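Student: first chunk of the complex, coordinates as they sit in the assembly:
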Amino acid sequence: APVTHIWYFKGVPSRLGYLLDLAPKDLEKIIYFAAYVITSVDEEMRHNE
Amino acid sequence: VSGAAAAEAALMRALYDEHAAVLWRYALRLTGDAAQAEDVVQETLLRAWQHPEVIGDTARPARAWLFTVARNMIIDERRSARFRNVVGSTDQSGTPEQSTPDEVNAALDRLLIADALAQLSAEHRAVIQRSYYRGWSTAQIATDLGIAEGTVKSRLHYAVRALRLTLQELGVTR
């Protein structure tokens, strides 16, 4: 299972948090299985239904 | 149906919420390493998922079956593999660091061997350097040099004594 390099997650400032515009605590909740994150949404299918 | 397989995963998520965090503090006192206790917890509940007999009767204490499974895992982890290795860490103080001796004695001998080698015939020098420097067999050198089997045996026999002559004439210790 893929893992993230802690140097770019926990190292201040969070390099991943700067790239994806995600907050550090929210990024902490994602990697360590405290919260799901939405990867994609079929926005047109949602409108047609 | 499909909802029946999802009830099995909702059953495991239940015993996590009541027993996992309490089982973790049990393994922590038995081992002392928090990262090791998490390993014991995952292995314990994995056997609960593989034993429907322990998840069957709720009228029978299931928490206790976990504490003894954790006891047996830690007492098995406490056998031979841990016995020898677990003792010391190089990063930890009090352990001597490894050292390698200097190559002075080897460098001087290599210099004297190179001197006595130059005072050999091109045939003898090209035979000792194929038996001791290249480590070939007696017949391997015979095939390369295009000479007889016993020819390599005789050249090595003299070339060795020829070096002993050159070394003893310079005072090389026997």
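Tutor: Okay, I see it. Numbers count the residues shown, from 1 in each chain, chains lettered A, B, ... in the order given.
Student: Alpha carbons only: can I get stretch B:143-156 in PDB?
Tutor: Taking C-alpha atoms only, stretch B:143-156 is exported to PDB below (Å, rounded to 0.1, in the frame of the first residue of the first chain):
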ATOM      1  CA  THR B 143      45.300 -24.600 -21.300                       C
ATOM      2  CA  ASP B 144      45.900 -20.800 -21.400                       C
ATOM      3  CA  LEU B 145      49.700 -20.800 -21.900                       C
ATOM      4  CA  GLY B 146      49.600 -23.600 -24.500                       C
ATOM      5  CA  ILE B 147      52.000 -25.800 -22.600                       C
ATOM      6  CA  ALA B 148      52.000 -29.200 -21.000                       C
ATOM      7  CA  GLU B 149      50.400 -30.200 -17.700                       C
ATOM      8  CA  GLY B 150      53.700 -31.000 -15.900                       C
ATOM      9  CA  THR B 151      55.400 -27.900 -17.400                       C
ATOM     10  CA  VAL B 152      53.200 -25.700 -15.200                       C
ATOM     11  CA  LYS B 153      54.000 -28.000 -12.300                       C
ATOM     12  CA  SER B 154      57.700 -27.700 -12.800                       C
ATOM     13  CA  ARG B 155      57.700 -23.900 -13.400                       C
ATOM     14  CA  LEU B 156      55.700 -23.300 -10.200                       C
END
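Student: what's in contact with that stretch?
Tutor: Stretch B:143-156 has contacts (CB atoms under 8 Å, 6 or more residues apart in numbering or on different chains) with B:123-124, B:126-128, B:130-131, B:136, B:138-139, B:141-142. (Each C-beta comes from the backbone N, C-alpha and C, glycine too.)
Student: Buried among these? Make that a ChimeraX selection.
Tutor: The ChimeraX selection below is limited to those of those classed as buried (16 or more other CB atoms under 10 Å in any protein chain shown):
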select /B:124,127,128,130,131,141,142
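Student: from the contacts of stretch B:143-156, which is closest to residue B:38?
Tutor: The closest of these to residue B:38 turns out to be residue B:136 (CB to CB; 56.4 Å).
Student: Over to that closest one: give its phi and psi.
Tutor: The phi and psi values for residue B:136, taken as degrees, to the nearest 10, are phi -70, psi 170.
Student: Ok, residue B:121 next?
Tutor: The phi/psi pair for residue B:121 (degrees, to the nearest 10) is phi -60, psi 150.
Student: while you're at it, add chain C from this line:
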Amino acid sequence: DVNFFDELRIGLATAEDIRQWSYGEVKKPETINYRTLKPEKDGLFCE
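Tutor: Putting chain C onto the chains we already have gives this:
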């Protein structure tokens, strides 16, 4: 191995670079054998 080389480059190591470096995967968690001192196959000291 001369001692004049201009630049020393650093960069992110691709997971494909990590396999390009590696001479094999470390499968088993064992280290060595504690009698023969011979390292176990596919362990952390596999020959």
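Student: And for whichever residue of chain C sits closest to chain B, nearest residue in space, chain neighbours not counted?
Tutor: Using CB to the nearest CB, the closest approach of chain C to chain B is made by residue C:34 at 4.3 Å. Using CB to CB, 6 or more residues apart in numbering or on different chains and skipping the chain neighbours, the partner closest in space to residue C:34 is residue B:84 (4.3 Å).
Student: For chain C, give me its nearest residue in chain B.
Tutor: For chain B, CB to the nearest CB, closest residue to chain C: residue B:84, 4.3 Å.
Student: Assign a three-state SS to that residue, would you?
Tutor: State at residue B:84, reduced to three classes by DSSP: H, G, I helix; E, B strand; the rest coil: helix.
Student: Burial check on the residue nearest to residue C:34, number of neighbours?
Tutor: Residue B:84 has 12 neighbours, counted by other CB atoms under 10 Å in any protein chain shown.
Student: can you list the residues of chain B near chain C?
Tutor: Within chain B, the residues that sit near chain C (CB under 8 Å from any CB of the partner chain) are B:80-81, B:84-85.
Student: ranking those by neighbours, who comes first?
Tutor: For the residues of chain B next to chain C, the largest neighbour count, defined by other CB under 10 Å, is 14 neighbours, found at residue B:81.
Student: check contacts around it.
Tutor: residue C:30.
Student: wait, is it part of a helix?
Tutor: Yes - looking at residue B:81 with three-state DSSP, it is inside a helix.
Student: Which residues lie in contact with the residue lying closest to residue B:40 once chain neighbours are set aside in this structure?
Tutor: Distance criterion CB to CB, 6+ apart; nearest residue to residue B:40, sequence neighbours excluded, is residue B:27 at 4.1 Å. By CB under 8 Å, 6+ apart, the residues touching residue B:27 are B:36-37, B:40-41, B:70, B:74.
Student: mind giving me the domain split of chain B?
Tutor: Listed by curated CATH domains, the domain ranges of chain B are B:1-90, B:91-174.
Student: Which positions in chain C make contact with chain B?
Tutor: Counting by CB under 8 Å from any CB, chain C comes close to chain B at C:30-31, C:34.
Student: Can you say which of the residues you listed are buried?
Tutor: Members of the residues of chain C next to chain B classed as buried by 16+ other CB under 10 Å are residue C:30.
Student: Go ahead and add chain D:
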Amino acid sequence: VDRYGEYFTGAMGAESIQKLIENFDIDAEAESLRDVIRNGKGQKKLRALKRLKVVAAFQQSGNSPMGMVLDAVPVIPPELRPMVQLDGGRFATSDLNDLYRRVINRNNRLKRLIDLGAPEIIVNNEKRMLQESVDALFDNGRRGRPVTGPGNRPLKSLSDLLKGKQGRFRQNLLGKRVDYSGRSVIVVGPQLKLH
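Tutor: Adding chain D to the chains above:
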């Protein structure tokens, strides 16, 4: 997911972030920051300046940001993490060997759960521990409480080999031990010349 699963896709853990980096347009997010940078209020512009520093570097260099998420971890050669025998019969190994061993232990247990189809609660809670293991191997103690060895001593990670007075740079590169050298007590000698 039970209702509108046909419409969206979500995930947890590190593999999710790996998917966000793939579904990411580097050039667009770079220009989006440039628009804010060109005309913006300092309160919300400084926070947009620093993002560009990270984003612009990935664009020009040609190296993908996906490297921040690892599918494989390299193992340092054994002589740099040597296991020495002790005069008491037992052994002593570098802490890097206990960290590499814990990654291997948890990675092989995850391989069993995937094969067995174990409940998602065990697989997800296991994957989390694999992340903490690689985090400990690379920089133990960075996040949360460090992995203690025997005696509540924190294990030295790979990044511990480079930091500070005991790190590789200051201990073994800026200063070295040298051959052809000695030391003794100094005693004044008036008869000596200045040279």
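Student: Chain D added, so what about the neighbour count of residue B:84 now?
Tutor: When neighbours are defined as other CB under 10 Å, residue B:84 has 16 of them.
Student: how far away is it from residue D:17?
Tutor: 40 Å (CB to CB, to the nearest Å).
Student: just residue B:115 next, same as before
Tutor: With CB to CB as the criterion, residue B:115 and residue D:17 are 66 Å apart.
Student: Which one of those two is surrounded by more residues?
Tutor: A direct count of neighbours by other CB under 10 Å for residue B:115 and residue D:17 places residue D:17 higher, at 27 against 13.
Student: From what I see, that one and residue A:16 are in contact.
Tutor: Yes - between residue D:17 and residue A:16 there is a contact under CB atoms under 8 Å: 6.7 Å.
Student: Can you check which residues contact both of those two?
Tutor: Contacts common to residue D:17 and residue A:16, judged by CB under 8 Å, 6+ apart, are A:4, A:27.
Student: Strands along the chain, start to end?
Tutor: All of this refers to chain A. A:3-4, A:37-41 (DSSP state E).
Student: Not quite, go with chain B.
Tutor: Using DSSP E, strands in chain B cover B:88-89.
Student: in it, which helix has the most residues?
Tutor: helix B:149-168 (DSSP state H).
Student: Give the buried residues for it.
Tutor: Result for helix B:149-168 [16+ other CB under 10 Å]: buried residues B:152, B:155-156, B:159, B:162-163, B:166-167.
Student: Export these to a markdown table and append columns for distance to residue D:143.
Tutor: Below are the buried residues of helix B:149-168 laid out as a markdown table (distance: CB to CB, whole Å):
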| residue | distance to residue D:143 |
| --- | --- |
| B:152 | 67 |
| B:155 | 69 |
| B:156 | 66 |
| B:159 | 67 |
| B:162 | 70 |
| B:163 | 65 |
| B:166 | 68 |
| B:167 | 65 |
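Student: wait, doesn't residue C:25 sit right on residue C:41?
Tutor: No - the pair residue C:25 / residue C:41 is not scored as a contact, 11.8 Å apart, by CB under 8 Å.
Student: does any bit of stretch B:38-45 sit next to chain A?
Tutor: No - judged by CB under 8 Å from any CB, stretch B:38-45 stays clear of chain A, getting no closer than 12.4 Å.
Student: residues in contact with that stretch?
Tutor: With CB under 8 Å, 6+ apart as the criterion, stretch B:38-45 contacts B:12, B:15-16, B:19-20, B:23-24, B:27, B:31, B:66, B:69-70, B:73-74, D:102, D:105-106, D:109, D:122, D:125-126, D:129.
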